[PDB]
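Structure, as structure tokens:
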Amino acid sequence: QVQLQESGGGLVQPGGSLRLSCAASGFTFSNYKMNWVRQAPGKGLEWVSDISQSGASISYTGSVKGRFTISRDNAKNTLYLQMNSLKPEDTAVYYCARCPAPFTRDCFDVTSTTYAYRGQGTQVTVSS
Amino acid sequence: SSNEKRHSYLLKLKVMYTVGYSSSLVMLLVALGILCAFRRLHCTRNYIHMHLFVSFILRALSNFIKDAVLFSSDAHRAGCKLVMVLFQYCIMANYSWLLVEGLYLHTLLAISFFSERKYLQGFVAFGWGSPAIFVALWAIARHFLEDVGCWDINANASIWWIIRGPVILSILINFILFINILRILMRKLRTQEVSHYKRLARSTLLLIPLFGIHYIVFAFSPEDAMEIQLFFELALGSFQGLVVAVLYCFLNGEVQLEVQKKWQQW
Amino acid sequence: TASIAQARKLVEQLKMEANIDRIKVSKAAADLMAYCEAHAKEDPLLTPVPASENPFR
Amino acid sequence: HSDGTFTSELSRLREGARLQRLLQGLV
Amino acid sequence: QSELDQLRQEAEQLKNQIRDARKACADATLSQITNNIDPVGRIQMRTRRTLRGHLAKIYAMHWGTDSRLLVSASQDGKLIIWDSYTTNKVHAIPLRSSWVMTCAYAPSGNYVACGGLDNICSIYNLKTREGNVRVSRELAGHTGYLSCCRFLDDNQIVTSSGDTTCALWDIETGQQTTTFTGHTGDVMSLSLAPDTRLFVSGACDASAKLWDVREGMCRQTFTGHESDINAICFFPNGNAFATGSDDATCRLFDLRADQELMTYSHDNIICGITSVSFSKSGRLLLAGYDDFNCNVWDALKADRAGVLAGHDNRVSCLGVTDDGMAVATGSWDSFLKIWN
Amino acid sequence: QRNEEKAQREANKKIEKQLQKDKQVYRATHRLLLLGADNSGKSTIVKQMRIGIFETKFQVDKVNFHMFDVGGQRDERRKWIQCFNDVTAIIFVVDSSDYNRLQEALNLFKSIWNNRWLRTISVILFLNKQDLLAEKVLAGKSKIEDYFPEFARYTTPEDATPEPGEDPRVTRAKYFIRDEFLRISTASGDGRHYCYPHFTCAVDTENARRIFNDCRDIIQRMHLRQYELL
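Protein chains in written order, with PDB author numbering: chain N, 1 to 128; chain R, 130 to 202, 209 to 327, 333 to 406; chain G, 6 to 62; chain P, 1 to 27; chain B, 1 to 340; chain A, 12 to 62, 206 to 384.
Have a look at this one:
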């Protein structure tokens with residue numbers, strides 16, 4: 001079965017760092033473009049970052065550019081988000097999303113309400 | 130002693146345009162075969178290409194027939216006059232189908248919202264039936280006003296103008312359409333820069349053979365350069381079909397793919 | 006609220022699939038073998054049919 | 001057109017040439 | 001709240017129990033049990049007919065029980081009933097909604113069904129006395145596009161929709177009598193059992209589900225694919241089935257051992273399977289792909305046995321006759337091709 | 012029976028002549044896929060195009219357009235979007251005044267532009283609600299640099315025709331928003347398809363003519379690519 005389990009995240013005060021990890025299983029990790037999406041309390045799912053298959057192309061939403069760093073370990077089937085300077089507007093559930101098809105540059109529906117290839121999410125509560 | 134200059138000159142011209150029409154006939158036959166033996170290429174543009182190819186083949190064959198009947202070693212007046220009428224009709228049909236292809240591409244790029252298959256009827260009718268009207272009127276004027284031997288010597292200008300005016304108009308109109316099409320294409324490249337000029341020059345050099353643009357050079361030309369005029373056209377506008385065929389059948393992408401299919405997967 | 010019932014329904018529908026009676030995969034493959042070997046003769050694609058009975062030729 | 005002009009010119013020239021040969025033969 | 005935590009761990013507990021139970025029956029593989037069988041060689045098939053007349057892409061195609069008549073749906077607004085022997089068009093039905101994604105031919109031959117992005121399943125009467133083919137009924141009640149529909153008889157049809165649910169209807173009344181829920185993605189395909197007492201479904205969640213028709217429950221669930229499942233088809237005996245997915249692989253599953261039996265894939269194939277079908281014997285598995293051609297798989301050795309390469313665009317649909325003599329393939333090139 | 016067969020041939024004659032009568036209608040009408048979001052304002056756009207899925211029919215210079223606002227589907231769209239690989243254009247409406255959601259529009263664009271079955275469809279991009287963006291920019295309480303940190307180092311481009319009586323910050327904002335889509339459009343669209351961005355508000359009346367002109371341009375470039383002239 002396709003499975004994406006997230007680890008990390010929790011309580012941090014503004015200005016702290018966290019390493020979110022996403023262990024993948026049930027598919028060939030090196031084929032799929034990976035994404036980090038998030039849902040803050042009281043609003044919808046928003047796309048945070050994405051990284052292509054090999055790892056060369058990388059993109060961020062803009063409100064996290066320079067602060068978050070996405071990185072995949074294909075040989076270990078893992079995805080990582082390193083967050084250095086956490087603002088209060090980063091407290092949210094953080095889901096590791098997979099692209100729908102295995103050799104494409106377009107990933108539809110990753111921020112859908114019930115997308116099937118998304119993890120359960122780690123709660124990152126940043127408060128002082 | 131004179132006129133041996135022009136006689137030998139015209140004989141060498143005959144040799145060279147026989148070679149030209151022969152090569153163009155061969156290549157146009159190959160190209161018509163490839164265009165008809167593949168149903169995926171049955172476009173509305175490839176249909177007009179096929180009609181143009183037929184007009185070129187008719188022009189070449191008619192030149193061969195006219196040569197064999199006239200310049201190869209008083210009865211047979213009717214047969215000779217009908218050969219001349221067929222000759223004039225084939226020439227005028229090639230010019231009309233060059234004009235029809237220019238008009239097709241221009242109406243495709245200048246209106247672009249039109250029923251193509253309803254336009255195809257009028258286009259084929261014009262291409263194959265405007266030659267007929269003018270050639271029939273010329274043959275009538277010859278049978279009535281100038282009937283000497285075979286109708287192979289143009290000694291009355293008006294009777295010759297009846298069948299040279301339409302051709303000059305074809306050339307001029309098709310040149311105007313050529314300019315407007317290139318204007319549109321330059322707008323396409325510019326609006327939505334050395335490679336721009338390179339692409340424009342390539343699309344000019346690929347559009348010259350298909351519209352008969354090399355005829356505007358010696359249209360409206362005096363009798364003084366007539367010889368070289370003949371030469372140019374007859375020594376190179378007899379290869380036109382060839383190059384046309386080649387491009388519009390041999391350097392096309394769709395044609396190459398379709399033929400590669402049946403060649404490689406058998 | 007709704008995720009509670011969602012997960013409960015999921016686990017219950019998952020375990021109601023667990024009390025099914027399974028066989029070995031050896032039987033599950035031998036059955037398919039025996040089927041495609043018994044019905045091999047009447048497959049006009051496996052064993053091609055000559056133009057005499059073939060209606061599409 | 002050019003095919004018609006070539007035909008007219010060659011026809012006229014070889015007609016004149018045949019006439020000239022007749023003029024040699026007869027005179 | 002520890003309710004979600006304890007339900008999570010309960011689900012993982014019994015899920016891994018099912019994992020080891022599936023594991024506690026895999027004594028060997030289908031490849032090693034068929035390690036001694038004879039290969040079928042090289043399946044060479046040729047385009048016998050080529051059906052022309054559709055203006056746009058063909059999205060669906062159902063083969064009549066006649067083994068001669070076809071129905072085909074193209075996304076220009078046309079249901080064309082077709083005679084494959086003479087390539088003649090028996091009927092041409094203009095549809096209200098152009099965007100049809102499925103079509104069905106009643107096993108009695110009297111009605112056809114079609115439905116697409118309009119969320120309605122239209123049934124058309126083909127055998128009217130007053131002399132017209134008109135809309136028999138419109139089944140409304142899905143909240144997503146209708147992707148597959150299949151008749152169980154001339155009164156009951158099962159339709160699968162993009163709203164993640166399937167529905168068994170009653171055509172005479174027009175009321176949905178059973179709803180099959182449990183898929184977490186768009187349901188793409190349907191396949192009825194030989195006796196039409198069960199039916200298997202594939203969804204856009206890499207999962208297939210076996211449903212009992214009359215009661216309305218899900219019996220078994222099958223995973224193993226990595227992406228959406230575009231097409232499902234039963235094995236001729238109804239004790240197995242095959243799924244084709246966007247992950248460029250096909251998988252044969254068994255209903256009794258309850259686990260994936262076989263995978264059909266090749267490194268040179270990195271496009272998704274759009275349609276699948278079994279030959280009448282079950283020895284050949286037909287699979288249409290995105291690389292514009294179909295592939296014929298030896299469904300017992302997983303080695304590809306043949307290719308049907310004649311289409312200019314995406315291959316939408318495959319269909320094997322009831323008697324097993326022909327194979328219709330539709331495509332986005334607007335042409336139906338019969339192979340033999 | 013040898014008589015059934017000619018009756019079949021007669022039915023086939025009638026059917027095929029009807030089919031070729033319907034082909035003229037099918038190939039004379041242009042199908043447009045209308046995409047957007049809940050805030051984008053597609054409803055008002057189709058309110059300007061007077062004359206499971208919704209269709210609107212409008213006519214510009216006696217040319218017929220059928221625009222399909224899909225509407226009543228669930229939020230996942232990777233499967234039914236393929237049903238529109240043949241349309242003339244995809245009309246993509248964006249709520250440009252809502253920066254917080256602009257990144258979800260871009261991504262959607264980025265997936266429509268890069269989809270294997272839509273990689274040749276041109277996108278007519280309508281950046282709707284320009285008056286809202288104007289009043290939001292002139293209010294000053296919402297910084298585009300907060301959502302897009304590359305707006306601080308951006309200046310109004312050269313070929314940037316501003317509206318009369320328009321503030322220049324408004325011009326920078328709208329042209330940055332437009333160039334955010336145009337970068338995606340140029341990074342992978344190699345003359346096979348093009349984006350046609352337009353700035354529109356809820357009171358503009360010339361949107362049908364804009365779609366007509368963009369469709370003319372798409373058709374003309376298809377013809378110029380058939381002849382291998384471009």
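We put the beta carbon where it would ideally sit given N, CA and C, even for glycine.
I need the straight-line Cα distance from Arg169(R) to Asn175(R), nearest angstrom please.
Numbered from 1 along the second sequence, position 40 holds the residue referred to as residue 169(R). Numbered from 1 along the second sequence, position 46 holds the residue referred to as residue 175(R). Distance between the alpha carbons of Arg169(R) and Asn175(R): 10 Å.
Around the Cβ of residue 441(A), are there at least 16 other Cβ atoms within 10 angstroms (buried) or fewer (exposed)?
Since the displayed chain A opens at 12 and closes at 384, residue 441(A) lies outside it and no answer follows.
If contact means a Cβ-Cβ distance below 8 Å, which residues of the segment 20-34 of chain A contact chain B?
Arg20, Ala22, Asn23, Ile26, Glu27, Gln29, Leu30, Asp33, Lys34
Quick one, which of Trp332(B), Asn125(B), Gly330(B), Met325(B) has its alpha-carbon nearest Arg68(B)'s?
As a working mapping, residue 68(B) is identified with position 68 in the fifth sequence. With distances taken between Cα atoms, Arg68(B) lies closest to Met325(B).
Between the alpha carbons of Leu221(R) and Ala228(R), how many angstroms are there, rounded?
Here residue 221(R) corresponds to residue number 86 of the second sequence, with the count starting at 1. Here residue 228(R) corresponds to residue number 93 of the second sequence, with the count starting at 1. Taking the straight line from one Cα to the other gives about 10 Å.
Quick one: what's got a C-beta closer than 8 Å to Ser54(N)'s C-beta in the same chain, skipping five residues either side?
The residue labelled residue 54(N) in the question sits at position 54 within the first sequence. Within the same chain, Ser54(N) has close Cβ partners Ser30, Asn74.
According to DSSP, what are the bridge partners of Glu209(A)?
As a first step, residue 209(A) must be located in the sixth sequence, where it is residue number 55. Bridge partners of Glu209(A): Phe222(A).
Proximity winner among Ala327(A), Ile373(A), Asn367(A), relative to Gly345(A) (alpha-carbon distances)
Taking the sixth sequence and counting its residues from 1, one reaches residue 345(A) at position 191. Selected option, being the one with the closest Cα: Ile373(A).
Starting from the C-beta of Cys225(R), find all residues in its chain whose C-beta is less than 7 Å away, skip the five residues before and the five after it, and write them out in chain order.
Position 90 of the second sequence, counted from the start, is the residue given in the question as residue 225(R). Cβ within range, chain order: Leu187, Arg188, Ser191.
May I ask you to report which of helix, strand or coil DSSP gives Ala274(R)?
To locate residue 274(R), count along the second sequence from 1; it is residue 139. Reduced to three states, the DSSP call for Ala274(R) is helix.
Along chain N, in chain order, which residues have C-beta atoms closer than 9 Å to that of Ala60(B)?
Numbered from its first residue, the fifth sequence carries residue 60(B) at position 60. Residues of chain N passing the Cβ test: none, with the nearest at roughly 22 Å.
So, helix, strand or coil for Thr344(R), using DSSP?
Along the second sequence, read from residue 1 onward, the residue named residue 344(R) stands at position 204. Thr344(R) falls in the helix class under three-state DSSP.
Shortest alpha-carbon distance to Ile319(R) belongs to which of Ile294(R), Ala274(R), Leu340(R)?
As a first step, residue 319(R) is located in the second sequence; it is residue number 184 there, counting from the start. Checking every option, the nearest Cα to that of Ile319(R) belongs to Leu340(R).
My understanding is that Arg118(N) touches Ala97(N), with C-beta atoms under 8 Å, so please give their C-beta distance in whole angstroms.
Here residue 118(N) refers to the residue found at position 118 of the first sequence. Here residue 97(N) refers to the residue found at position 97 of the first sequence. Rounded, the Cβ-Cβ distance is 5 Å, consistent with contact.
Looking at the secondary structure, which residues open and close the alpha helix (DSSP H) in which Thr87(B) lies?
Locating residue 87(B) in the fifth sequence gives position 87, counting from the first residue. Taken as a continuous stretch (DSSP letters only), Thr87(B) belongs to no alpha helix (DSSP H), as it is neither H nor E.
Decide if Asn289(R) is buried, meaning its Cβ has at least 16 other Cβ atoms within 10 Å, or exposed.
Taking the second sequence and counting its residues from 1, the one referred to as residue 289(R) is at position 154. Buried, since its Cβ has 16 or more Cβ neighbours within 10 Å.
Does the count of Cβ pairs from the segment 23-34 of chain B and the segment 30-44 of chain G closer than 8 Å reach three?
yes
Option in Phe68(N), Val2(N), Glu6(N) with minimal Cα separation from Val93(N):
Here the question's residue 93(N) lines up with position 93 in the first sequence. Selected option, being the one with the closest Cα: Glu6(N).
Under 9 Å, Cβ to Cβ, is there at least one residue of chain E near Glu226(B)?
No chain E is part of this structure, whose protein chains are labelled N, R, G, P, B and A.
Determine the chain A residues that contact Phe27(N) at a beta-carbon separation under 7 Å, and present them in chain order.
By one-based count along the first sequence, residue 27(N) stands at place 27. Under the 7 Å cutoff, chain A gives no residues; its nearest Cβ is about 17 Å from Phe27(N).
Quick one: is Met188(B) buried, meaning 16 or more other Cβ sit within 10 Å of its Cβ, or exposed?
Your numbering for residue 188(B) matches position 188 in the fifth sequence. Under this definition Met188(B) is a buried residue.
Helix, strand or coil for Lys337(B)? Go by DSSP, reduced to three states.
Here residue 337(B) is taken as the residue at index 337 of the fifth sequence, counted from 1. Of the three classes helix, strand and coil, the one that applies to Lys337(B) here is strand, per DSSP.
Contact set between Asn315(R) and chain A, taken where Cβ atoms lie within less than 7 Å:
As a working mapping, residue 315(R) is identified with position 180 in the second sequence. Going along chain A, no residue has its Cβ under 7 Å from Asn315(R), so there is no contact; the nearest lies around 13 Å.
Any contact between the segment 223-236 of chain B and the segment 75-87 of chain N? By contact I mean 3 or more CB pairs, one from each, below 8 Å.
no
Between which two residues does the alpha helix (DSSP H) carrying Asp258(B) extend?
Position 258 of the fifth sequence, counted from the first residue, corresponds to residue 258(B). Looking at the DSSP string, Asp258(B) is not in any alpha helix (DSSP H), and its letter there is neither H nor E.
Output the distance between the C-alpha atoms of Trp47(N) and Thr113(N), rounded to the nearest integer angstrom.
For the purposes of this step, residue 47(N) is identified with residue 47 of the first sequence, where counting begins at 1. For the purposes of this step, residue 113(N) is identified with residue 113 of the first sequence, where counting begins at 1. Near 12 Å, if we compare the C-alpha coordinates of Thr113(N) and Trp47(N).
Applying the 10 Å Cβ sphere with the 16-neighbour rule, what's the burial state of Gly149(R)?
Taking the second sequence and counting its residues from 1, one reaches residue 149(R) at position 20. When all chains shown are included, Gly149(R) counts as buried.
Three or more C-beta pairs under 8 Å: does that hold for the segment 51-67 of chain B against the segment 103-111 of chain B?
yes
Pick from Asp298(B), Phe335(B), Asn313(B): whose alpha carbon is nearest that of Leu50(G)?
The residue you call residue 50(G) lines up with position 45 of the third sequence. With distances taken between Cα atoms, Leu50(G) lies closest to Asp298(B).
List, in order along the chain, the chain R residues whose C-beta lies closer than 8 Å to that of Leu19(P)?
Within the fourth sequence, numbered from 1, the residue matching residue 19(P) stands at position 19. Near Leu19(P) there are no residues of chain R at all, since even the closest Cβ is about 11 Å away, more than 8 Å.
Is the beta carbon of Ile297(R) closer than 9 Å to that of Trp273(R)?
Counting from one through the second sequence, the residue named residue 273(R) turns up at place 138. Counting from one through the second sequence, the residue named residue 297(R) turns up at place 162. Contact flag set, yes.
Tell me which residues share the same chain as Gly225(A) and place their Cβ nearer than 7 Å to its Cβ, disregarding the 5 neighbours each side in the sequence.
Along the sixth sequence, read from residue 1 onward, the residue named residue 225(A) stands at position 71. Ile207, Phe208.
Proximity below 9 Å, CB of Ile58(B) to CB of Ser74(B):
Position 58 of the fifth sequence, counting from 1, holds the residue named residue 58(B). Position 74 of the fifth sequence, counting from 1, holds the residue named residue 74(B). Their beta carbons are under 9 Å apart, which means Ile58(B) touches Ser74(B) by this criterion.
Listed by chain order, chain R residues near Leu256(A) by CB distance under 9 Å:
Stepping through the sixth sequence from its first residue, residue 256(A) is reached at position 102. Residues of chain R passing the Cβ test: none, with the nearest at roughly 24 Å.
Could you please tell me which residues of the segment 190-223 of chain B, in chain order, have their CB closer than 7 Å to any CB of chain A?
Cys204
Measuring alpha carbon to alpha carbon, tell me which of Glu398(R), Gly300(R), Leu142(R), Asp196(R) ends up nearest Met219(R).
For this step, residue 219(R) is matched to residue 84 along the second sequence. Nearest of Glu398(R), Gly300(R), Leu142(R), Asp196(R) to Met219(R), Cα basis: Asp196(R).
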